[PDB]
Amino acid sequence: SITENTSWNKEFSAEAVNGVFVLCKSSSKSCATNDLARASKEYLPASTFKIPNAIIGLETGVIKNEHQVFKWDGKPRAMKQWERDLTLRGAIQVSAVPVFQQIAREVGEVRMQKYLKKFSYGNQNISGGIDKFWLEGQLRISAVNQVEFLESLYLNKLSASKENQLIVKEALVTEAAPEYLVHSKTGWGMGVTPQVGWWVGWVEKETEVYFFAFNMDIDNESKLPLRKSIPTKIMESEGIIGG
C-alpha cells in the first residue's frame, strides 16, 4: 500500500544523485516514496547496523548496561574521533566501528543469526566474517525494512527487553525540542560498489510520529551531507519540519 510521490525526485536530481526516501506517518501502513522499486531494494546497512547490534549487545549481556564504557586500548584506529573511551551513545554518535566489531565478536555468529531472524532484519545474511558482515559482507536491508524495524523499536515490540530498547532509543536521540524529538542514525558503506549512504530514524512531532529511511549511491565523502539534506527537504515539503 506504499504510494509513489514522483515530485520528491526533484530533491535528488537537484543534487545529481540516485536514491530513495521512504516516509511513513503513524505506522508502516501509510508510507510514501519517490521510487517504489528502490524502496524495496536491499543495500549493505553499514553503520545503521549499530542499532540492532547495540540492542543485541545489551540483550546478550555483552554490553553490561546503559553506563558501560568502551575503553580504548591505545592501539591506533582508522579515525582519530574513535581513539578515546566511549559511552554507548558516544560510540553510536561517532560511529565507532571497532567498538561494534568487538561487540559482534562476543555476541558470535549463532546468536547474531538468531536475533536478526527475530528482528526480520533484511536478508539476514551474516556471512563475510562475524565482525565484517555489515561492512563488506553479504548483509542487505531495504529502506522499507528499515522503517519496519525502527517502528518496532519505537513501539518496544522488538524481541528484546523494553529496558534495552529504551536504552538504545536514548542513545539514538539526535534532535530535541519540547514537542519535537528525532532519533536517527547515519551510515556510509564503503565496502560495497556502488558505495551506499544511509539516514534512518523517526520524528515525534506533537502527538504524531513519522518513520523514515533514506539511501543513495555515494561516489565518495563529499556527497555525505545529502543523506540529511535531501530527507530534510522532503519532510519540509510534507509540513513535518515547520509549522
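Residues carry their position along the shown sequence, with the first being 1. Rigid core: the largest C-alpha set superposing within 1.5 Å between the two forms.
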- 74-82 or 127-135, the stretch lying farther from the shown form in 7 other deposited structures of this protein by root mean square CA distance over structures and residues, after core fitting, is 74-82
- Determine, for 7-15 and 21-29, which one has C-alphas that on average lie farther from this form in 7 other deposited structures of this protein; superpose on the rigid core first. 21-29
- Item | Residue stretch of maximal mean CA temperature factor, 65-73 vs 170-178 | 65-73
- Message: Test of understanding: from the entry's C-alpha B-factors, which stretch has the higher mean, 143-151 or 98-106?
- Response: 98-106
- Would you mind checking which of 203, 216, 192, 55 has the top Cα temperature factor in the PDB entry? 192
- Message: Checking the record values for 224, 23, 20, 230, which has the greatest CA B factor?
- Response: 224
- Message: Based on the deposited C-alpha B factors for this chain, I'd like to know if residue 88 is in the lowest, middle or highest third.
- Response: lowest
- residue 165 by Cα B-factor - lowest, middle or highest third of the modelled chain: lowest
- Note on the structure: residue 46: CA temperature factor from the record, placed by chain third, in the lowest
- Item | Chain third (lowest, middle, highest) by recorded CA B-factor, residue given as residue 33 | lowest
- Split the chain's modelled residues into thirds by Cα B-factor; residue 184 lands in the lowest
